[PDB]
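>>> fold the following and give me the result.
(one chain, ligands or ions: 2)
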Amino acid sequence: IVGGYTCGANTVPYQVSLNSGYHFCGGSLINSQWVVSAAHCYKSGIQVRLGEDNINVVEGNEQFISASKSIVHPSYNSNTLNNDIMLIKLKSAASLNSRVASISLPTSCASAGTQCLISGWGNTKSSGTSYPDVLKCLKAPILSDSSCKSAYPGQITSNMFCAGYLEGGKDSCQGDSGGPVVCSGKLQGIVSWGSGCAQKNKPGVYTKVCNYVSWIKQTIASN
Ligand SMILES: N=C(N)c1ccc(CNC(=O)[C@@H]2CCCN2C(=O)CNC2CCCCC2)cc1
Ligand SMILES: [Ca+2]
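Residues are numbered from 1 along each chain as shown. Ligands and ions are numbered 1, 2, ... in the order given. Please find the structure below.
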């Protein structure tokens, strides 16, 4: 997260870290058994880490739970990142509490101009590399579709939206991948892609979660 601030420990209790010997992606807890992340985060051997603040220090509120299965969206296209969403099931149910909590799925999509919260443990520099060990947060508005498409011609689909700042300086970044964009108490986006981080006229691009609620509810009820 570039140009953000320290969230404060467990203030974003639905945020998870996916670990395979190291943190490599964010995710969002949607109920005691299931995590939503980006399809480009897929790998086997995932451990889900809940209740984290400092991902390098055991602070006392963590739950570490192996994934039992992953389900990548049936139409995910790695080349275009269209339908960049996956579900991950926990081998055992998380114990929900005030530091380990689910985020609600939307009942409808958000509007352009709605303010959101984007969070993660990714790089905090727009030139160079620095990874924080505590969770970082960013307030960012949903941008118009026309500013999004103008920034990235021929590359935005109906399953994507832009959020952030066209002047730059504030953005998500590598390592934030798969994490939440929460707007008005709902998970509306997943950190997906962009050009560099915090660059002028290159805002972040997010998976448009409202398009997938039916798929999500049908898939978890059948697995
Ligand atoms: N908000 C940001 N600036 C931002 C930028 C990048 C990332 C991390 N995501 C990524 O790097 C993702 C996954 C691997 C390929 N990838 C890409 O961004 C690769 N370029 C894309 C262009 C559009 C068509 C699909 C490919 C996460 C956030
Ligand atoms: Ca920790």
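
>>> buried set for the longest helix seen in the chain?
Looking across the chain with DSSP state H, the single longest helix is helix 213-221. Residues of helix 213-221 classed as buried: 213, 215, 216, 219, 220 (neighbour count, 16 or more other CB atoms under 10 Å). Every residue, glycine included, has its C-beta placed from N, CA and C.

>>> what's near enough to touch the third one?
Think residue 216. 30, 36, 87, 105 (CB atoms under 8 Å, 6 or more residues apart in numbering).

>>> by neighbours, which of the residues you listed wins?
Within the contacts of residue 216, neighbour counts (other CB atoms under 10 Å) peak at residue 36, which reaches 26 neighbours.

>>> where does it fall, phi/psi-wise?
Note on residue 36: backbone dihedrals following degrees, to the nearest 10 are phi -100, psi 130.

>>> OK, contacts around it?
By CB under 8 Å, 6+ apart, the neighbours of residue 36 are 27, 28, 30, 85, 86, 87, 88, 187, 190, 209, 216.

>>> most neighbours of all these, which one?
Counting by other CB under 10 Å, top hit in the contacts of residue 36: residue 27 with 30 neighbours.

>>> surely it touches residue 42?
No - Residue 27 is beyond contact range of residue 42, at 11.5 Å (criterion: CB atoms under 8 Å).

>>> which residues sit in contact with the spatially most central residue of the chain?
Residue closest to the mean C-alpha point of the chain, counted by CA atoms, centre = their mean, is residue 179 at 1.6 Å. By CB under 8 Å, 6+ apart, the contact list for residue 179 reads 15, 25-28, 37, 118-120, 122, 172, 190-191.

>>> which of those residues come close to ligand 1?
172, 191 (CB under 6 Å from any ligand atom).

>>> need the contacts of residue 179 in CSV with secondary structure, can you?
As requested, the contacts of residue 179 are exported to CSV (DSSP: H, G, I helix; E, B strand; the rest coil):
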residue, secondary structure
15, strand
25, strand
26, strand
27, strand
28, strand
37, strand
118, strand
119, strand
120, strand
122, coil
172, coil
190, strand
191, strand
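
>>> returning to what we had before: how far is the longest helix of the chain from where the chain is centred?
A distance of 18 Å separates the centroid of the chain from that of helix 213-221, by CA atoms, centre = their mean, to the nearest Å.

>>> again, but for stretch 104-120
Counting by CA atoms, centre = their mean, stretch 104-120 comes out at 12 Å from the chain centroid.

>>> again, but for stretch 114-124
With CA atoms, centre = their mean, you get 8 Å for stretch 114-124.

>>> buried ones in that stretch?
Within stretch 114-124, the residues that count as buried by 16+ other CB under 10 Å are 116, 117, 118, 119, 120, 121, 122, 123, 124.
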